[PDB]
Amino acid sequence: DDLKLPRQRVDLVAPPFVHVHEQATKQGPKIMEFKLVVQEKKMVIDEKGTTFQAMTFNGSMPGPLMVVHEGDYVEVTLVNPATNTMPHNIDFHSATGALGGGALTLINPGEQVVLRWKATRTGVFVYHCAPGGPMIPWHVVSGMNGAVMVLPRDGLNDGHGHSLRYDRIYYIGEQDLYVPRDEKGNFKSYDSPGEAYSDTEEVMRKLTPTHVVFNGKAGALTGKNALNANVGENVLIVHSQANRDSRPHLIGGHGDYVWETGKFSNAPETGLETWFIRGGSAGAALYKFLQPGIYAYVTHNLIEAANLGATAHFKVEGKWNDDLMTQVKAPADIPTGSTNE
Amino acid sequence: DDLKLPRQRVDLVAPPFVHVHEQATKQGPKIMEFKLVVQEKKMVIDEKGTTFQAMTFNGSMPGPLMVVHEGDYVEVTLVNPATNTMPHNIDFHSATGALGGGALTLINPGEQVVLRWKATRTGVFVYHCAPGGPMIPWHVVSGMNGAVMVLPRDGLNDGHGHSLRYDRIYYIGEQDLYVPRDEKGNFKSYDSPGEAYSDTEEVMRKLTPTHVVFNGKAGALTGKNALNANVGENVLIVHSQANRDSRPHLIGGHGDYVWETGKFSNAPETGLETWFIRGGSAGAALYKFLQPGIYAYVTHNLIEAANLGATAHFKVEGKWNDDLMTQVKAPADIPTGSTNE
Amino acid sequence: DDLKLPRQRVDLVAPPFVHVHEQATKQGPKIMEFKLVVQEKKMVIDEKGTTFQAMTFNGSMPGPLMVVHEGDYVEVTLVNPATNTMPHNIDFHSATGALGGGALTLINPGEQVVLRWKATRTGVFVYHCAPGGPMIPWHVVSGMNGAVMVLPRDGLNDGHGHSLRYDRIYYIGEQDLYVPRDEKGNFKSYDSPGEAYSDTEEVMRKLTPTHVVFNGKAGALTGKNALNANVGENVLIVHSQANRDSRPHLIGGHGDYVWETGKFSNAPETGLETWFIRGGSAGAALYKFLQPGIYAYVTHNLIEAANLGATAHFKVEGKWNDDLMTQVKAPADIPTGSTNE
Ligand SMILES: OC[C@H]1O[C@@](CO)(O[C@H]2O[C@H](CO)[C@@H](O)[C@H](O)[C@H]2O)[C@@H](O)[C@@H]1O
Ligand SMILES: OC[C@H]1O[C@@](CO)(O[C@H]2O[C@H](CO)[C@@H](O)[C@H](O)[C@H]2O)[C@@H](O)[C@@H]1O
Ligand SMILES: OC[C@H]1O[C@@](CO)(O[C@H]2O[C@H](CO)[C@@H](O)[C@H](O)[C@H]2O)[C@@H](O)[C@@H]1O
Ligand SMILES: OC[C@H]1O[C@@](CO)(O[C@H]2O[C@H](CO)[C@@H](O)[C@H](O)[C@H]2O)[C@@H](O)[C@@H]1O
Ligand SMILES: OC[C@H]1O[C@@](CO)(O[C@H]2O[C@H](CO)[C@@H](O)[C@H](O)[C@H]2O)[C@@H](O)[C@@H]1O
Ligand SMILES: OC[C@H]1O[C@@](CO)(O[C@H]2O[C@H](CO)[C@@H](O)[C@H](O)[C@H]2O)[C@@H](O)[C@@H]1O
Ligand SMILES: O=N[O-]
Ligand SMILES: O=N[O-]
Ligand SMILES: O=N[O-]
Ligand SMILES: O=N[O-]
Ligand SMILES: O=N[O-]
Ligand SMILES: O=N[O-]
Ligand SMILES: O=N[O-]
Ligand SMILES: O=N[O-]
Ligand SMILES: O=N[O-]
Ligand SMILES: [Cu+2]
Ligand SMILES: [Cu+2]
Ligand SMILES: [Cu+2]
Ligand SMILES: [Cu+2]
Ligand SMILES: [Cu+2]
Ligand SMILES: [Cu+2]
């Protein structure tokens, strides 16, 4: 027991929600204990019921958000149950050495491993499976990726000596999928990940996804699963993309404070319309809602947003501010005395 | 008449030019009144005369640049003449609430609507049509997008307490187009936007444009329509892309001061070779010309620039500075006594 | 002899190595003399032995890194031997005027030209061939691109008044290639660049590369050609992409200080997981190695990294730090008393 710090078990929750945590803390460094269980399973990924052979951490795309503070030690039990067919591992972009932990965590079905890494760098970071060679992109685009957030011990700041505090936090994991089609253009179904591999690799090689989804399926965060907020609330939106660039945009809002490279040692940019998550990274945006109603959160490639599945909804409760925006005149017939050339 | 401010009618001009405005102002907030008229029409988009079914604000791709100051109110009359076939609306990324105004501006052919928004955020911002669902990307990539610039009341600054002033301003709207081809690879023609839709949506789904153009067509800002400047002039180039990333580059120049995320609350970067406009955003670059001659302004995917139409020209008048650059020896035969391995 | 400064001949070396230079200097401005010789040749670009008709500066993809200091004059002899078949030229993104020098350097086979430019802007910059029209993207994606680094005379700093010094420097040139295939999907071979052109242009038009390589071929910087470093060394990695965006990531490390737009007048960002090189630019990242072992340097589109060739290796010598990372429990059978749902 060389490392004599208090230990604290964390129970992960399914995205887009985030386990209980403190923003600012005066506790010393702890050993934060997390468990991730690999689950290979068929999942539905679009509103027409298209299925595909997914591989996940904890049964979700993305994998759950892990939240720790700078100077904590993160002790991760990775479990690969004997119902799975492939070896798996985990690479933390937040960690230093051994390919992020990938070189120390390769496990066959029936095995588990315990990795500890010190959280020396603040920000939001991708974690993903990375077995070796062509298996790396295949496991990642099959759904084996998540994020970890390392907060400063004093919580967030605006980079100019003022504290920032969120009222609410959501984790939006964006996934690019490569689903094979038959000669007529219909999506193909398979009975195992292994059977899907050869056809999937051919789609992957052309670098155009068939689907781009938040929280694992088209429409996952719309309708009854819309994200909730209130006028006046400061909401932190963590966005990750393990493989492909994304350009997040809150329709009818802004990013008040945006870390687009996702690292809290850098001052955020202010008042962004659209921001940029580079493939293999996580970013974060803080917005204070000023108007009630429906907001669409999209990647602002609008083809991907509207036609390939990458749209989420916020439903915001509160009172409308007619000073910020108003309909002066409702739709009406163009006046007869109008000239419109 | 709850809002008791002076009103000022603005006459928009066709890009790449920009309506008359002040950089710094000591006038108080005004209500700035703008009119936009939707026009569906067939347009030529390449040097071989390829046509396509365009939908525009004010008959231009992009739509015109609107210029206001922080704290102004922007009162927009959107008109959809009864010669058009579809409903249209407008979403301002500069505005707060109701999906940027899209939720308050949906109009059938024969109708108009008046929206007012307060310009609370500085920078350059995209505006675009967004009717609903798959119609959103289709109207945007059919040409229904423009930009608005909200200046600080004191005009631009370098983020370190020094004022920046432009001698000239150009608005470069970049458009990704998806023109269907027949089995032999020739571009198809249609008699209406509706007839084009199904074939166009199939091209859009593969996320590779057939054309990438500035000011609505290949070669629009070359030859006689080259942009003019003089040695010593500080030129502001506003660049927008409503749907797809762009990487602007002034060949033979630099970006002296670049807001690549396009928001004037952030200090510009200095001395850039190439900058990055994320899809769904506008950016701005200031350059002071130091040499006369021809400059190519490109997206630095050179395939898109040279082969898909995304090249503009500046013709700069003045005297050559042999200290910055000189041809020491004109092309000449390789000397006989040379070794070149 | 209007310009009366000392002259210094520089001998270029093949990437990923960099010719001898000083970081900080108290010497005055010099005329730094460089020679580049164009070589058209067939080259192997993947581990299955696929060939393609390359065009290079000095026989390498990328062309060699040129290192000068702010205020130096750069005098470049470009040579196009009569064994070549096409005209060539050179465009320096670091230079001011005449399309970066392209308008002053067009040479037929059998000819040479001498261009001088003043290094007024600090950073790393792309140089590339740019003959005219569709020849521009074709020569660049055929391999005619490199980089130049203009150091501040005081060397690098962290943008907050502290000097940064590298122990080692590597230049990673990333190349997107467009190799035509036959009806069965096999790569086609040609006897000249001219014969390859028409088929290559068709692949280029679809904006999806067949290969994405560092230092001119898949696996070039793996195995015995891995890059060397030691625990504690500050390593500068210069990354260029003349045509297409890249998202560099050091697997198991970070970017301690990153200039992603590549310009030393801007303070670097700190502690990045993944950074972004916009097509037509060079960037630079400083990392201090903290752990020994193998590191993969990738573009974090993992399909491109693992399947299209864009992976390099660092082999780092030193002692493992179990405080930063440790395997707490080696792979072992899942305990019988475990529940993993
Ligand atoms: O800011 C650059 C800086 O990062 C350093 C801190 O000096 O290290 C990072 O990772 C180290 C891991 O032990 C920690 O010292 C530090 O907490 C963290 O930011 C250096 O390698 C470098 O100067
Ligand atoms: O996309 C090609 C072609 O395939 C069809 C079916 O023959 O539709 C498939 O692809 C659509 C777009 O991805 C999906 O909406 C659908 O689930 C799938 O069957 C054609 O409609 C289409 O042109
Ligand atoms: O800088 C973050 C900041 O943006 C704020 C200003 O405090 O609001 C922006 O939009 C508001 C709209 O009413 C204005 O107060 C302000 O002018 C504008 O920059 C906050 O929501 C937040 O602190
Ligand atoms: O692009 C496929 C194929 O189509 C042809 C005509 O059969 O040319 C078409 O596409 C070209 C590239 O977009 C255009 O230059 C031209 O306007 C259009 O007819 C072939 O030339 C080409 O290989
Ligand atoms: O920082 C903006 C600044 O760039 C300037 C310097 O004032 O010029 C750049 O290129 C010039 C070439 O002669 C040099 O004066 C200078 O060294 C370099 O940074 C201006 O054009 C502008 O203010
Ligand atoms: O990629 C299409 C198709 O072509 C084949 C050969 O018929 O393989 C070629 O393409 C592969 C991927 O680029 C290369 O690995 C190989 O060098 C080349 O022959 C098929 O394997 C493939 O499905
Ligand atoms: O030690 N108090 O949180
Ligand atoms: O399966 N994803 O939330
Ligand atoms: O471990 N990969 O299939
Ligand atoms: O009030 N003067 O501009
Ligand atoms: O039609 N565009 O300028
Ligand atoms: O309103 N859309 O076609
Ligand atoms: O002048 N001394 O380096
Ligand atoms: O040929 N490239 O190093
Ligand atoms: O000079 N171009 O082939
Ligand atoms: Cu896996
Ligand atoms: Cu990774
Ligand atoms: Cu419309
Ligand atoms: Cu939008
Ligand atoms: Cu050339
Ligand atoms: Cu260039």
Side-chain angles (χ1 to χ4, degrees), chain A residues 29 45-51 70-71 94-97 117-123 150 152-153 177 179-183 185-189 203 208-212 218 263-266 303 307-309, chain B residues 13-17 39 41-45 52 54-65 134 143-146 171-175 177 180 198-199 201-206 213-221 225 312, chain C residues 158-160 162 164-165 231-235 253-258 267-272 285-291 321 323-325:
Chain A
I45 51 65
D46 75 21
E47 288 191 319
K48 298 198 188 170
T50 304
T51 60
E70 190 183 4
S94 46
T96 305
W117 55 271
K118 192 182 193 177
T120 56
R121 312 281 188 157
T122 59
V150 184
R153 278 206 185 268
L177 302 168
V179 185
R181 285 173 174 101
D182 66 25
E183 263 163 53
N186 299 302
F187 293 118
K188 296 179 69 177
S189 316
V203 179
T208 307
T210 58
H211 302 75
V212 180
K263 307 303 169 283
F264 304 138
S265 56
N266 305 284
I303 304 169
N307 299 342
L308 278 81
Chain B
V13 307
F17 303 101
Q39 184 183 24
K41 51 171 174 185
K42 202 180 269 200
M43 293 180 88
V44 177
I45 51 65
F52 115 137
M55 302 193 290
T56 69
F57 295 107
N58 272 19
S60 63
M61 277 189 285
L65 189 68
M144 294 196 73
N145 62 88
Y171 174 36
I172 302 311
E174 178 177 331
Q175 189 60 65
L177 302 168
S198 180
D199 288 353
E201 187 280 339
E202 297 180 341
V203 179
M204 283 164 63
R205 184 168 291 279
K206 304 206 141 175
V213 299
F214 297 150
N215 215 52
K217 63 177 302 183
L221 300 181
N225 273 332
Chain C
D158 69 349
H160 303 278
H162 317 118
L164 294 179
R165 186 171 190 284
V231 171
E233 280 180 351
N234 217 11
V235 177
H254 295 91
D256 286 338
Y257 299 96
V258 182
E269 291 173 84
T270 54
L272 300 197
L286 275 176
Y287 182 62
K288 188 182 175 160
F289 283 101
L290 300 179
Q291 300 275 36
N321 179 350
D323 186 53
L324 285 178
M325 185 177 287

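Throughout, a chain's letter reflects where its sequence line sits, starting with A, and its residues are numbered from 1. Side chains included, hydrogens not; waters and symmetry mates left out as well; all remaining heavy atoms used. Atoms within each ligand, like the ligands themselves, are counted from 1 in listed order.
Considering all non-hydrogen atoms of both residues, A:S94 and A:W117 come closest at OG-CH2, 3.0 Å.
In terms of N/O distances under 3.5 Å, ligand 2 is approached by A:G185. Residue A:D46 has no N or O atom closer than 3.5 Å to an N or O atom of ligand 2.
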Does the pair C:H162 and C:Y257 meet the rule for a ring-ring contact (aromatic ring centres under 6.0 Å, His included), with working shown?
CA-CA 12 Å; C:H162 317 118; C:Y257 299 96; 9.5 Å; no
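Between the side chains of C:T270 and A:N266, a donor-acceptor pair is found at a separation under 3.5 Å. A side-chain donor from one of B:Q175 and B:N145 sits under 3.5 Å from a side-chain acceptor of the other.
With a 6.0 Å radius and a threshold of 12 heavy atoms from other residues, nucleotides or ligands, B:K206 has its NZ atom at or below the threshold. Enclosure of atom NZ in C:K288 is not indicated, since only 12 or fewer non-hydrogen atoms of other residues, nucleotides or ligands lie within 6.0 angstrom.
The B:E202 neighbourhood of ligand 2 comprises atoms 23 (O), with distances under 4.0 Å to a heavy atom of that residue. Close contacts between ligand 2 and B:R205 involve ligand atoms 12 (C), 13 (O) [criterion: under 4.0 Å to a heavy atom]. The A:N186 neighbourhood of ligand 2 comprises atoms 6 (C), 7 (O), 19 (O), with distances under 4.0 Å to a heavy atom of that residue.
Residues of the protein with a heavy atom under 4.0 Å from ligand 1 are A:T120, A:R121, C:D256, C:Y257, C:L290, C:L324, listed by chain and number.
To the nearest 0.5 Å, the span separating CZ on A:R121 from CD on A:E70 amounts to 10.0 Å.
The ring-ring contact (aromatic ring centres under 6.0 Å, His included) search around B:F52 returns none, not counting sequence neighbours.
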